[PDB]
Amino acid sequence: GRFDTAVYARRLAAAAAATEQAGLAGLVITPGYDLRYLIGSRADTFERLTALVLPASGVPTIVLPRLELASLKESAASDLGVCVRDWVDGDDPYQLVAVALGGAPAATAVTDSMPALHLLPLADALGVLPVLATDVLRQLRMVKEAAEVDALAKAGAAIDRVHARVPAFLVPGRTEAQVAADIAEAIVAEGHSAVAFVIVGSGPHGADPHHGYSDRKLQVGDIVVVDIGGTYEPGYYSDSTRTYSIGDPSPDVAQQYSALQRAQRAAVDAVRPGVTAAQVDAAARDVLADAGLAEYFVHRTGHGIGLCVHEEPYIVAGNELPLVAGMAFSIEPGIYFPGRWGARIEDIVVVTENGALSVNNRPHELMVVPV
């Protein structure tokens, strides 16, 4: 479910140090993925405030409902002896957060997931508008530790084993939803503790990035986009797309697809410490430009992945962030032809000291499933 307490003790210290280096009095983390990362808590109260208050200096405090007290034994909080301030319905828990930071006025950063419901009254209680914690917690969470790389690698190998099972699911007459049920079951069977998402976009639906699956039946000649992932304990994601053709594709489809393959490969080959996120997006986008296809490449090249399917860093135009070793993100260019077909090639890669490691290794060619 979670890492040893020592892992969290070390994340908490590193987070406090970076908060101090950013000149803030502290961080305020309500439930979600930053909390899970910082103390291993899967708590989520919703309208009732639970928050980890991590001062730049001194002992952290957990503010939470008294009725939730037993949740402390679940995460690392109890073992580390963080201060607890439980409150009862009728209390203003925002005042407890202020006090745990030394009292208003206090300059803080908040987890980017904190809802307005809490953020706006927190701002009043603190006397200072919070800034996003993303610049602070980024330095930690986007640089994966050895054990996190390992979990992503095992999730990647597992999702690869699912993609190997996909061609036998792709039979004319079967609906996208029957394929998706077969895939969901295989996601679990191959070792993920849960299904994250299943996308099976056949024929025209492959051109539609919002599409999940439906009752459309596979036809001979369909290009089928398959984008799938699961979680691997203690909660890291796989996320890989491969495109299949039901019977031989046409020459035009084959040629444009192979430009996409070159684009994807070239973005993967550009991954090194020191190159910018925007340079990696440029590497895919330039090849597709040169083949005359850039207008059909309607999204960013990739997103970070870890405890969430989508996180820092973003491999997108305008992102000047230099890449460093241990960053994990997708490389997933695609081309989309509204009403006709689409294709996407997606790997998760991990930055190494002199390049990248792909944790997804299925063939990159368009797989031709016989009819």
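Don't overthink the numbering: it's just position in the shown sequence, from 1.
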Higher-scoring stretch by recorded Cα B factor average, 48 to 56 or 312 to 320: 312 to 320
Between the two ranges 64 to 72 and 323 to 331, the one averaging a larger CA B factor in the entry: 64 to 72
Maximum C-alpha temperature factor, selected from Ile159, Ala278, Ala289, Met114: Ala289
Highest recorded Cα temperature factor - choice among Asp89, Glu233, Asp227, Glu176: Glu233
Entry-reported Cα temperature factor of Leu307, expressed as the chain third it lands in: middle
Position of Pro31 among the chain's modelled residues by C-alpha B-factor, lowest, middle or highest third: lowest
Relative C-alpha B-factor of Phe297, binned into the chain's lowest, middle or highest third: highest
Among modelled residues of the same chain, the CA temperature factor third for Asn354: highest
Within-chain third of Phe169 by Cα B-factor, per the entry: lowest
